[PDB]
Amino acid sequence: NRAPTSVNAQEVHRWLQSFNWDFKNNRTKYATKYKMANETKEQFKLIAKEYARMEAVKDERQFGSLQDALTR
Amino acid sequence: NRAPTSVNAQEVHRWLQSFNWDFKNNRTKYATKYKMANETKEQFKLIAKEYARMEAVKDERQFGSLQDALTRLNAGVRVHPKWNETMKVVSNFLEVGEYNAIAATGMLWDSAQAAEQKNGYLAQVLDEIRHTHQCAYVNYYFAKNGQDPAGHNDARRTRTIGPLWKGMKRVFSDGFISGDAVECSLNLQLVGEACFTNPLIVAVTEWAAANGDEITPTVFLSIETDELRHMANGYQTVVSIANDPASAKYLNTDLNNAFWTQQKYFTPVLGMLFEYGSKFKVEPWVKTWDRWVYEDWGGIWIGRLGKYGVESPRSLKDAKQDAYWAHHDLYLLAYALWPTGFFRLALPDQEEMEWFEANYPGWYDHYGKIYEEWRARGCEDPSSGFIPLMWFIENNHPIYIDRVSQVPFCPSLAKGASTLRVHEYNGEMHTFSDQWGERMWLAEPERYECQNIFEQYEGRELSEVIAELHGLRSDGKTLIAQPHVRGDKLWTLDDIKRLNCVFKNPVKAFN
Amino acid sequence: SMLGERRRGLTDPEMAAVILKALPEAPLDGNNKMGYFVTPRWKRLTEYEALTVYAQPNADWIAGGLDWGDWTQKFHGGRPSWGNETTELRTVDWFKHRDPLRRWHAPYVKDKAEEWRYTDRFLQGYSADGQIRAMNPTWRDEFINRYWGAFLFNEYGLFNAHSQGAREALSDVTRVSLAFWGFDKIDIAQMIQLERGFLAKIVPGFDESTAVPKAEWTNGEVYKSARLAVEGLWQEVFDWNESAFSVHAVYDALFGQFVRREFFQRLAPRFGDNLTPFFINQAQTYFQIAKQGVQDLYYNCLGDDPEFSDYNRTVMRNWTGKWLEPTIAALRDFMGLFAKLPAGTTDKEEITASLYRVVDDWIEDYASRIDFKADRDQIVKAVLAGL
Amino acid sequence: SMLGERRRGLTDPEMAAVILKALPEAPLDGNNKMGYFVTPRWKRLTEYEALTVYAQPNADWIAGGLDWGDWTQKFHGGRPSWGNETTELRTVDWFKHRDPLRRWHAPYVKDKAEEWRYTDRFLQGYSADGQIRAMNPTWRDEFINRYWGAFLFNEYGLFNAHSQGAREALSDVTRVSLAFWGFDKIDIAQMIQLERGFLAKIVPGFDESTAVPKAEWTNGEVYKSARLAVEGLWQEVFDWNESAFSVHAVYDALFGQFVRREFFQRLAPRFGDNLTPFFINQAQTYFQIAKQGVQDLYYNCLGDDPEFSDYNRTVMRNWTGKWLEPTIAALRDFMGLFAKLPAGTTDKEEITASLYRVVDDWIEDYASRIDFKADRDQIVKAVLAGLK
Amino acid sequence: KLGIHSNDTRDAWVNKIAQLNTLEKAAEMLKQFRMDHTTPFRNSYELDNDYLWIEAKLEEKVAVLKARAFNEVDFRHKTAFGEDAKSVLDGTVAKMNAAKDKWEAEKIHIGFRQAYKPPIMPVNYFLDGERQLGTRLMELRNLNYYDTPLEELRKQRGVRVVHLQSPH
Ligand SMILES: [Ca+2]
Ligand SMILES: [Ca+2]
Ligand SMILES: [Ca+2]
Ligand SMILES: [Fe+3]
Ligand SMILES: [Fe+3]
């Protein structure tokens with residue numbers, strides 16, 4: 001089957017939680033009275049590439065307005 | 001040496017000319033009298049990818065401004081009613097010019113034999129596609145965010161109802177693609193773009209800005225940044241055939257025919273759209289026209305082609321003679337036939353009449369009095385039972401359509417040219433408004449067989465033609481076109497049907 | 001001055017006041033959708049369709065046209081600006097075609113621009129990283145420079161084959177797709193030269209001149225039948241649809257796909273060359289992009305036309321048969337190139353498998369669409385005779 | 001309503017008139033260049049420099065700072081918000097660094113976004129073209145899935161080694177560069193998983209779960225020393241410069257470059273794999289981009305500092321020696337992977353030459369810049385001991 | 001039933017072409033349609049407003065029939081009448097190059113179109129002729145284009161001047 005296929009951010013993010021591994025010194029370097037839970041999750045399922053794309057789109061509209069119409 | 005290295009467009013373009021090779025049938029597929037030199041070069045050393053990048057950057061700014069700031073400022077709405085209507089015509093009519101230019105340059109691409117010259121035309125092919133979509137976007141934006149989307153949203157079909165469209169197609173559609181590739185090049189680039197479109201585009205942004213429209217300037221100014229490549233294409237076209245002996249024999253004639261063709265339509269039409277389709281004025285069209293045609297094009301631009309055997313069009317003085325009142329004469333006809341448009345028109349207000357008289361001594365005594373007469377009679381009120389065309393019939397002022405240019409003319413009333421030539425040939429009548437177009441038809445009758453609106457609509461009742469060609473707004477009863485630009489008292493299909501206006505072919509009065 | 005002399009209607013108090021005073025209370029029509037009368041191909045009308053469909057001023061006498069009357073100015077002789085007489089194919093509506101990728105000018109240059117800038121970055125990293133050190137010298141100075149470079153003239157020829165179509169296309173949606181198919185071809189040709197120009201910069205004695213690859217193209221034996229097939233599709237075909245169909249659904253789908261994917265893209269890696277595959281990745285991405293458009297025009301629209309389905313398929317099977325022969329001939333002359341590879345590079349078993357991949361993909365994506373009964377074994381067998 | 005209720009000063013007749021009336025006849029100062037006081041690295045001040053330099057509110061007691069006085073709120077105990085005490089390196093001005101690529105946020109996300117959209121186009125073209133058919137099954141299921149996959153954890157660890165620096169960097173230009181070096185590392189780790197996810201869609205039976213690659217990384221032998229080194233660089237280094245320097249100018253420059261370029265990029269093509277190289281091309285592009293920034297900060301700015309050149313080089317040579325040993329160990333263990341390949345894939349001579357390329361590039365681009373006396377044959381001989 | 005795109009006259013011809021079911025008859029009718037209703041030399045202008053659309057609907061019938069009747073080789077090389085495309089093409093081009101003047105040239109070209117416009121002649125040969133014929137026609141017409149005064153040019157065209165009006 002040669003149907004055009006790809007992979008999105010959510011599909012990769014699904015495995016991101018498994019990226020960290022255990023070892024004796026895997027702990028925060030800063031002083032703190034609290035302990036952040038080891039399996040805490042995040043609301044948005046982003047990866048570097050997709051984060052960049054969504055911000056790049058915003059920048060285009062913003063700078064376009066500033067350089068063109070607003071300047072005119 | 002592991003220094004970061006790459007390759008740019010110029011370094012590749014360096015070998016572009018060698019891309020083409022020789023072989024028996026390697027020649028243009030289109031009929032032509034000229035021979036483009038196979039070693040012709042191009043001014044801009046571009047490759048497909050760099051071309052894309054430079055255009056993508058422009059799109060970024062343009063669309064960014066439109067979707068963000070301009071939308072936040074309600075730029076699509078805070079525009080004078082008259083100009084909102086004018087842009088329905090300007091953007092869509094120019095769109096077809098951009099669209100046919102695609103096919104035109106494709107024909108030129110096929111005509112060029114030198115790889116570089118083909119590449120130059122190719123860059124324009126893509127540019128004209130961009131321009132088609134840009135003009136379409138202007139109408140798209142005004143339809144989505146403006147005060148009156150009717151017309152902006154369906155001009156591609158509603159434009160077929162009126163007579164101004166026919167002439168537009170002659171100079172911006174057929175004139176660009178039907179004929180000797182070189183002739184088309186002269187209509188499109190040497191004349192069309194260098195003499196009119198280029199200056200026009202900028203001028204349009206000036207009139208737009210004066211009337212509250214910041215949308216058009218955003219798009220049209222971006223389009224303008226591409227025109228230098230097209231000027232070069234036109235200039236290079238002449239350079240390509242300058243050596244060919246046929247050039248000395250045909251160039252100046254195709255050019256003169258090209259010049260007359262383009263000016264015949266824009267001289268009256270552009271001036272009309274600017275002065276009558278706006279509230280705030282930028283500059284009198286008589287002044288503008290003189291600078292464009294005589295000073296910039298007829299002088300500087302044409303002069304630089306002198307070394308190539310190019311001469312000023314022999315019909316130049318004739319054009320200047322016919323020009324002065326041309327646009328004023330045309331608006332009378334355009335307004336008289338307002339129900340056939342896809343936009344709303346307005347009569348000049350008091351301040352405007354003063355402006356016209358100040359800039360065109362004698363305007364009031366002719367056009368001014370007529371407009372006040374039509375208005376007092378109720379041409380703006382749907383219960384009056386009056387449309388200006390009736391006044392033309394009553395006062396025996398027939399309106400004709402030039403068989404060649406498709407430009408409407410009324411020699412009986414015109415303050416400008418009033419010549420008229422009528423001929424019959426093999427069971428068909430033909431009407432001409434000038435000696436240049438008359439010669440064109442006589443010498444090339446098979447190139448000009450366009451049916452005019454009176455011929456097509458003959459015997460048909462006005463409201464039926466409108467209904468059939470979808471000249472109605474969403475409610476299915478109110479006309480898109482209107483004789484005023486106010487929000488109340490809009491004319492409906494019924495108001496028109498009651499007029500019992502039936503089209504007649506004016507030429508039959510000579511039988 | 002700081003404020004400038006020009007007064008703008010949107011910001012000037014006096015002018016803006018006048019404008020606001022003339023405005024209606026609400027829009028004079030609630031239908032704010034441009035192109036609302038266009039028949040959507042998908043759920044809802046897209047920007048692609050609104051901005052493109054019906055831009056071409058065709059009258060009703062050209063299937064699908066919304067205008068009326070003859071053209072205003074025609075060619076000396078009477079030939080119409082655009083007419084049904086420029087192509088054998090017939091349809092109930094020339095505006096039905098739709099690019100599956102919905103590409104109008106903006107998205108198109110946006111995508112190609114990204115490719116240009118990433119290409120630049122790639123080359124700067126490749127050179128800085130010294131990856132050229134692991135590339136087989138013979139493969140570079142001989143197969144990339146001469147044979148790959150020669151292929152640029154093939155793409156360049158298929159590019160020009162689109163010229164007449166740019167002028168004769170009978171609709172906007174078809175003209176746009178055609179223009180993009182052709183522009184992508186010239187891009188590929190220019191990318192081949194770009195690689196050769198890059199090699200010239202990082203490899204002391206490499207010559208970027210097109211003299212060698214051109215002579216190979218014009219006089220060599222490997223591309224002889226390839227060039228003849230190209231000179232024909234380009235300058236001997238006057239039917240814009242035959243030109244586009246035969247170039248994309250026949251020749252480039254068989255010859256082009258074999259050379260790019262089954263030869264250079266398949267062998268370059270074996271010589272430590274990841275540079276050439278970088279560019280072939282583009283050519284293949286482009287090929288698969290155009291393919292979706294070619295399929296929609298000739299099969300979904302024309303080949304399956306409610307009124308001329310039978311007629312069109314007959315014409316295309318006719319064209320398929322007409323050009324399948326020069327294509328197979330091109331593939332045969334190309335087979336001779338395998339004998340110039342160093343011993344052990346590939347075997348007749350692999351090539352046979354690569355040929356069936358191309359042929360089978362072709363039959364699945366093109367041949368079977370118009371019910372063109374083609375025999376994989378005979379074709380492959382016919383080509384293999386060139387070894 | 002069509003016009004809306006909110007009146008805007010730019011377009012509202014009454015409000016704009018009030019505004020225009022209050023405007024001066026001309027600007028109250030002709031110097032319209034923001035950041036005019038910043039010393040330009042190049043001919044003229046760049047937008048990159050104007051929008052970045054001096055954004056960090058450091059006082060003069062932190063080299064190069066323009067403010068005065070102590071921080072307003074410090075840590076319990078007294079530790080300053082930012083301070084000289086967070087790194088062994090010293091300089092005349094922490095604001096001297098310049099990213100040679102001049103990347104501020106906009107240009108940075110613009111390029112990565114282009115790479116993302118093109119990547120998506122590539123995969124749709126690759127899958128539709130059926131190029132997976134010619135890929136060697138063993139290479140795919142064993143080397144890409146398990147070994148290339150396990151490498152994602154290496155890049156992930158290096159990404160995390162940048163967290164403290166994001167917090168402690170002593171200037172804006174260094175913070176931005178460091179953030180971008182780190183962000184590119186997580187991106188590469190995610191592209192390795194992306195490829196595995198893609199293969200799972202186009203190859204029936206291929207499992208995208210990270211379980212196998214993770215087990216290889218955490219308990220296998222091939223990456224044992226690599227993981228030990230990464231765990232150290234990440235969590236045992238509290239000096240933000242030691243971290244960035246040792247990661248980019250030692251460990252990644254040797255181990256990273258060998259694995260990415262001399263193993264996978266070099267051998268994948270031999271097994272009909274054009275997919276992995278597509279992603280490695282991005283990784284190498286990122287590596288070379290970061291190198292320019294790393295060289296500018298550590299060699300141009302610190303290693304050549306007019307006042308602390310000798311001191312800083314002594315420290316960096318110390319760090320190079322400290323981290324070269326664990327890096328050689330990582331490479332030594334990785335040599336074990338060559339024995340897993342099908343016979344005839346490569347041989348000792350090819351492997352040795354590839355090691356020398358990596359070592360020679362490292363000596364040229366890094367070690368020599370601080371006068372670190374590296375012995376290239378002794379380093380290679382130490383690594384070759386790992387060949388099974 | 002009157003109309004611009006839909007009318008009785010158009011409906012009349014669709015029911016007419018539908019009756020056709022033989023390439024011979026179909027082709028013959030098309031050839032005769034172009035003689036009676038197209039070009040400035042048409043036999044009459046009675047169908048001026050609908051002839052363009054009708055011709056197309058006629059070409060379609062001829063096209064379909066021609067594809068089902070001819071074999072692959074002929075569909076590409078012969079006219080719907082049986083003539084050898086290339087022969088006709090080379091012959092017409094020959095006559096055109098022999099033309100002594102523009103009046104003769106224009107007659108050759110126009111007639112060519114009326115007789116061999118696709119589906120009659122294969123598009124490839126047809127457009128190739130358009131390329132050669134048109135070139136010659138223009139070369140002859142555009143030579144000293146403005147030499148002949150309008151009064152004389154009108155006589156040459158043979159038009160019947162019905163009215164002339166010129167204040168200048
Ligand atoms: Ca071990
Ligand atoms: Ca060996
Ligand atoms: Ca030594
Ligand atoms: Fe344009
Ligand atoms: Fe242009």
Side-chain angles (χ1 to χ4, degrees), chain B residues 17 27-28 30-45 101 104-125 127-128 171 175-199 226-263 292-316, chain E residues 135 138-139 142-143 145-146:
Chain B
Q17 195 82 111
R27 46 74 188 108
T28 310
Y30 293 90
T32 176
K33 305 179 295 294
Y34 314 75
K35 176 180 179 180
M36 290 178 209
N38 62 33
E39 288 186 57
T40 303
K41 301 183 180 182
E42 71 173 313
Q43 165 168 31
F44 306 85
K45 315 174 186 300
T105 52
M107 178 173 201
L108 288 169
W109 154 14
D110 185 291
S111 296
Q113 292 309 298
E116 279 186 46
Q117 177 169 35
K118 285 181 180 287
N119 198 54
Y121 289 138
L122 178 64
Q124 196 175 332
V125 176
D127 281 336
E128 304 303 8
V171 301
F176 285 179
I177 68 176
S178 295
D180 183 332
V182 173
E183 180 190 62
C184 302
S185 172
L186 302 178
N187 268 299
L188 169 66
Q189 309 164 313
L190 200 64
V191 177
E193 283 164 350
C195 184
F196 293 107
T197 74
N198 190 53
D226 296 329
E227 224 57 34
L228 292 182
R229 285 196 290 285
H230 307 182
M231 304 275 83
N233 276 167
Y235 181 105
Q236 280 307 303
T237 298
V238 175
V239 178
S240 298
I241 64 178
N243 288 306
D244 175 45
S247 181
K249 307 177 187 179
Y250 313 122
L251 192 55
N252 281 149
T253 55
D254 281 320
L255 171 59
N256 180 65
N257 279 174
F259 166 69
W260 187 263
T261 296
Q262 299 294 137
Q263 78 83 203
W292 290 14
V293 179
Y294 261 62
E295 310 303 298
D296 307 325
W297 190 79
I300 303 175
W301 177 266
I302 285 298
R304 303 193 303 85
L305 292 169
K307 62 181 181 298
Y308 295 116
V310 179
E311 306 184 309
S312 303
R314 57 175 58 203
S315 64
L316 181 60
Chain E
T135 296
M138 295 190 271
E139 283 179 336
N142 301 324
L143 185 62
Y145 193 74
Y146 307 100

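Only this structure's heavy atoms are used, side chains among them; waters, hydrogens and symmetry mates stay out. Proteins come first, then strands; the chains are lettered A, B, ... in the order of their sequence lines, and each starts at number 1.
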Please tell me if the side chains of B/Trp301 and B/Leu190 come closer than 4.5 Å, counting only heavy atoms from C-beta onward.
-> yes
For the pair B/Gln117 and B/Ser240, evaluate side-chain contact (heavy atoms from CB on, under 4.5 Å) and give the outcome as yes or no after the intermediate values.
-> CA-CA 9 Å; B/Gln117 177 169 35; B/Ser240 298; 2.6 Å; yes
When rounded to the nearest 0.5 angstrom, what is the spacing between CE in E/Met138 and NZ in B/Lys33?
-> 5.5 Å
Considering only heavy atoms from C-beta outward, does the side chain of B/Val191 approach that of B/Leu255 to under 4.5 Å?
-> yes
Correct closest heavy-atom pair for B/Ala37 and B/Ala114 would be O-CB, 3.9 Å
Would you call B/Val293 and B/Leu316 a side-chain contact if the rule is heavy atoms closer than 4.5 Å?
-> yes
Kindly determine whether B/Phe196 and B/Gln263 satisfy side-chain contact (heavy atoms from CB on, under 4.5 Å), including the steps that lead there.
-> CA-CA 8 Å; B/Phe196 293 107; B/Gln263 78 83 203; 3.9 Å; yes
Side chains of E/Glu139 and B/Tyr250: does their closest heavy-atom pair fall under 4.5 Å?
-> yes
Closest contact, heavy atoms only, B/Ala181 versus B/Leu108 = O-CD2, 3.6 Å
Spacing of OG1 belonging to B/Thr32 relative to CG belonging to B/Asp180, to within rounding of 0.5 Å | 3.5 Å
With distance as the sole criterion, is a donor-acceptor pair present between the side chains of B/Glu193 and B/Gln124 under 3.5 Å?
-> yes
Would you find a donor on one side and an acceptor on the other, under 3.5 Å apart, between the side chain of B/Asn256 and the backbone of B/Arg314?
-> yes
Any side-chain heavy-atom pair of B/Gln43 and B/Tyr235 under 4.5 Å = no
Taking the side chain as every heavy atom from C-beta outward, state whether B/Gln236 and B/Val239 have any pair of such atoms under 4.5 Å apart.
-> yes
Heavy atoms, side chains only, cut-off 4.5 Å: are B/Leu251 and B/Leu186 in contact?
-> yes
Can a donor-acceptor pair be found between the side chains of E/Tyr145 and B/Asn252 at a distance below 3.5 Å?
-> no
Quick one: do the B/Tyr34 and B/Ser111 side chains pair a donor with an acceptor below 3.5 Å?
-> no
In terms of ring plane angle, is the pair B/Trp297 and B/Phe259 parallel, tilted or perpendicular, where the classes change at 30° and 60°?
-> parallel
Taking atom CD of B/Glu295 as the centre, does the number of heavy atoms from other residues, nucleotides or ligands within less than 6.0 Å exceed 12?
-> yes
Atom pair CD (B/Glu42) and OH (B/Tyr121), whose distance is rounded to the nearest 0.5 Å | 11.0 Å
Hey, what do you get for CG (B/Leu305) to CD1 (B/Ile300), rounding to the nearest 0.5 Å?
-> 12.5 Å
Under 3.5 Å, is there a donor-acceptor pair between the side chain of B/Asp226 and the main chain of B/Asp127?
-> no
Nearest-0.5 Å distance that lies between atom OG1 in B/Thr105 and atom CG in B/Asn233 = 8.0 Å
To the nearest 0.5 Å, what is the distance between CD (B/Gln17) and NZ (B/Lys118)?
-> 11.0 Å
Report yes if the side chains of B/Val310 and B/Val238 come closer than 4.5 Å at any heavy-atom pair, otherwise no.
-> yes
For side-chain hydrogen bond (donor to acceptor under 3.5 Å, both in side chains), just list the numbers for B/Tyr308 and B/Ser247, CA-CA rounded to whole Å, side-chain angles, deciding distance to a tenth of an Å, and then say yes or no.
-> CA-CA 9 Å; B/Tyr308 295 116; B/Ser247 181; over 6 Å; no
